[PDB]
Structures are given as C-alpha cells and as structure tokens.
Amino acid sequence: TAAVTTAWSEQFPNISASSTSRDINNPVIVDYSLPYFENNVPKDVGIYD
Amino acid sequence: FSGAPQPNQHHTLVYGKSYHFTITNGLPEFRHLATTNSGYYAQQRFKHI
C-alpha cells in the first residue's frame with residue numbers, strides 16, 4: 001500500500017543457489033533390513049570398493 | 001563296456017578387500033630381550049616403518 005524505498009539487506013530469507021553459494025546437507029543412508037527375529041546380516045558396505 | 005570313475009573336484013576362489021589406514025612418525029628405539037631358555041636378543045624397533 002505504501003510502496004516506499006527500503007534499506008539494502010544481505011538477509012535473504014531464502015535466496016536461490018542459482019544466485020549464490022548455498023550450503024546443503026544430504027548424507028546417504030544405507031539400510032540393513034532385519035525383518036526376522038534372527039537375520040542374516042552382511043559386513044558394513046566397503047565404500048572403497 | 002569300459003568304466004571310469006568320476007573326477008576330483010577343482011574349484012577356484014577369488015576374494016578381495018580394500019581398506020583405509022593411517023600411520024604416523026616414530027623415532028627409532030632399542031632394548032635387550034631376555035627369554036626362557038636363556039634367550040638373549042638385541043632389538044631395534046623402527047617406529048616410523
């Protein structure tokens with residue numbers, strides 16, 4: 001209603017990563033199902049393979 | 001008729017792993033080792049090898 005000029009601000013509530021560097025965190029999770037009472041389980045994934 | 005036995009079994013196995021280790025420095029050190037049966041040895045351990 002009052003289209004007045006505002007002050008400069010670096011505080012972008014959520015600026016796109018297409019305009020600047022932005023932190024993201026999406027760790028991959030490996031599941032090892034245990035459907036039975038006594039399950040057959042493998043050794044942890046050897047990520048280096 | 002000419003008989004002949006079954007063969008022996010010959011299986012070939014192929015396994016392998018990959019690891020990530022970390023090692024560090026170490027100065028050389030010495031000592032003398034005494035063991036049962038009057039065993040005596042001069043020892044030199046290379047903590048960097």
# chains A, B, ... in the order shown; residues from 1 in each chain; ligands from 1
call {"tool": "closest_atom_pairs", "arguments": {"of": "chain B", "to": "chain A", "cutoff": "10 Å", "atoms": "only C-alpha atoms", "output": "tab-separated table"}}
result
residue	atom	partner	partner_atom	distance
B:16	CA	A:49	CA	9.6
B:17	CA	A:49	CA	7.6
B:18	CA	A:48	CA	6.0
B:19	CA	A:48	CA	7.0
B:20	CA	A:48	CA	7.9
call {"tool": "residues_around", "arguments": {"residues": "residue 30 of chain B", "least_positions_apart": "5", "cutoff": "7 Å", "atoms": "only C-alpha atoms", "output": "PyMOL selection string"}}
result
chain B and resi 43-45
call {"tool": "residues_around", "arguments": {"residues": "residue 42 of chain A", "least_positions_apart": "4", "cutoff": "12 Å", "atoms": "only C-alpha atoms", "output": "ChimeraX atom specification"}}
result
/A:30-34,46
call {"tool": "atom_distance", "arguments": {"atom1": "atom CA of residue 41 of chain A", "atom2": "atom CA of residue 29 of chain A"}}
result
16.5 Å
call {"tool": "atom_distance", "arguments": {"atom1": "atom CA of residue 44 of chain A", "atom2": "atom CA of residue 28 of chain A"}}
result
13.9 Å
